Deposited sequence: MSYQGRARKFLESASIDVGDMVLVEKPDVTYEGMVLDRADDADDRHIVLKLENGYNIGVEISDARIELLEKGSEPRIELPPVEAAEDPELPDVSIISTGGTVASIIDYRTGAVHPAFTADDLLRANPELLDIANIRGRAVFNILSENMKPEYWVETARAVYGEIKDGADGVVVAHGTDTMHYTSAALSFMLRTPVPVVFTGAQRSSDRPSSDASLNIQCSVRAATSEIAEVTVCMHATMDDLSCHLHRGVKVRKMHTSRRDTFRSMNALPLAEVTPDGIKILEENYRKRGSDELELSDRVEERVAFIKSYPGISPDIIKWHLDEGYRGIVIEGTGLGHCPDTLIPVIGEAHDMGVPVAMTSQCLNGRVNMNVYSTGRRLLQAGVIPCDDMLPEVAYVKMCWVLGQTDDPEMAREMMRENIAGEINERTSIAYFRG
C-alpha cells in the first residue's frame, strides 16, 4: 500500500513486495526484500529488509532499484465438547519471520498447536464466525454473535468460548446475557497483549476460558487474568464486568459484584455461590435489538440540545450517565420531560461506576424522577445502554420498557451493596 512518489518510483522498475532488490544511492547501496509500507506512513521511502534481519527505510528521491529475484508464495471422548468462537479477537497465532508480518490463526488445530494443554481439558471445535475489531463493534453484531453462540450450543456443545476483542468485550457480554438463556457456559475472552508475543496473556486466558467453559456456571461471562501474574484468571459475570485499564493484563474487573470464580487450566474455584447452574436453563434466543439508543454522559455545560437532537432524530431511548447518585443539570429537565411526552424512555446511571443510584435523596434527583427518569439501581452505565437496546427491541410500550429496565434479568442489578465491592 505504498503511495505517491514511492509507488511511482517502485513501479517504474516493475517491483513488488517480496522482491529481493538492490538500491543504490550516491553514498549507500542496500540489498534486501521490499516490505509493504503502512498507509499511515507517507511516501518518499521504501522499506527494505536487510540480510541481517533488520527492516530499514530508504529515501528514493535519488535511488535506483534492480530486481534480483521475484517474490515467492510457498477426539477422545470422556472429555467435554467446547466450541471456541472467534468474533474478531485473536487468542493465538503464528508469525512469518520472512516478512516480519504477524498472521492470525483461529482453528481447532492452530489453537491446539499453540495451546496443547487444551487436549486434557476438552475437545476443541473452533471456527471463526466473523471478524470485527472490538472497537468497531455495534449492536447489529451483538445479535450476530448471540446467533453464532446459539448455534454451537445447539449443535451439541458443553460450553462456548467467544474470542472477542478487549475494548468492547464487556458491552458484548452484556448483550449476550440479555439475548441468550443458557444450559451451558459461554465465556468471552481475549488478550491485552497481541497473541504473537511470547508474553501474550492469550494462552492463560484461553485455556482458562476453556476450563471455565466446562464449569457448572451457565451464564454469559468474561474470563481474564486476575492479576499481572500468569497464574489465575477471574470469571466475571457478564453484566458486571468493565475494562478498567487501557493496558494491564488485569484490566477487567467485576464492578458492583465480586468475581464469580477463580479459574486455572486445571480447575475452577467458584467464589460466588449463587449462580445459574448447568442444565437448569433451556437455550432460548431473544435476538431482537433496537439499534437506536442514545447513551449520553452528563457533564458540566452539557446542552439540552444534544438531548433534543436525539429525540428529533427518532431515537427510541436515552440512557444518561449522570453524576454521582443519578443526577444531571436541572436545565435538562424540560427536555427529559419532553422525551417522556414523546414516549421515549430515559434511564439514569452514575458516572462513578461504583455504586447504587438513588434519585430520591436530593431535589435535583426527585424532579428528575418527576420528569419520568428511570433510576437503574446499581447497573453499570454501558450495561444500562446495552439493556435499553435489548428491551426496546422487545417492546415499544414505554411503560413496559421502564418496567423491564428495573427488572433484574441476568444479574445486572444487585439488591444490596456489599462493603466488599469497593476496594480502592
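- Missing from the model, relative to the deposited sequence, are the stretches 1, 76-85.
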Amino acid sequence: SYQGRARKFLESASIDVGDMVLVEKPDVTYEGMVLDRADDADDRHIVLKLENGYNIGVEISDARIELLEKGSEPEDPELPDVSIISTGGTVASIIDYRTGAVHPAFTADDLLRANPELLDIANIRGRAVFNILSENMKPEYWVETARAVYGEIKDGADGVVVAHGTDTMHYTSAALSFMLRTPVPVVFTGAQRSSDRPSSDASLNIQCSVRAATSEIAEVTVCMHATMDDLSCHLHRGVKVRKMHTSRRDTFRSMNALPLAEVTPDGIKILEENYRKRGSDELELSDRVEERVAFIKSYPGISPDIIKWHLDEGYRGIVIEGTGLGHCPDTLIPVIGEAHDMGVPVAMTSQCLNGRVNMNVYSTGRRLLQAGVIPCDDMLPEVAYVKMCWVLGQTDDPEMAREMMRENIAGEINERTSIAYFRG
From here on, numbers count along this sequence of modelled residues.
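- Stretch comparison (190-198 versus 130-138) by mean CA B-factor in the PDB entry places 130-138 on top.
- Checked against the record, the higher mean CA B factor of 38-46 and 373-381 lies with 38-46.
- Each of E262, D341, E144, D281 has a CA temperature factor in the record; the biggest one is found at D281.
- Note on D167, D230, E219, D110: the highest value goes to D110, judged by CA B factor as recorded.
- Ranked by Cα temperature factor within the chain, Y275 sits in the highest third according to the deposited record.
- Among the modelled residues of its chain, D266 has a C-alpha B-factor that falls in the middle third according to the deposited record.
- Sort the chain's modelled residues by C-alpha temperature factor and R356 lands in the lowest third, per the entry.
- Annotation for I153: CA B-factor lies in the highest third of the chain's modelled residues.
- When the CA B factors of the chain's modelled residues are split into thirds, the value for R292 lands in the highest one.
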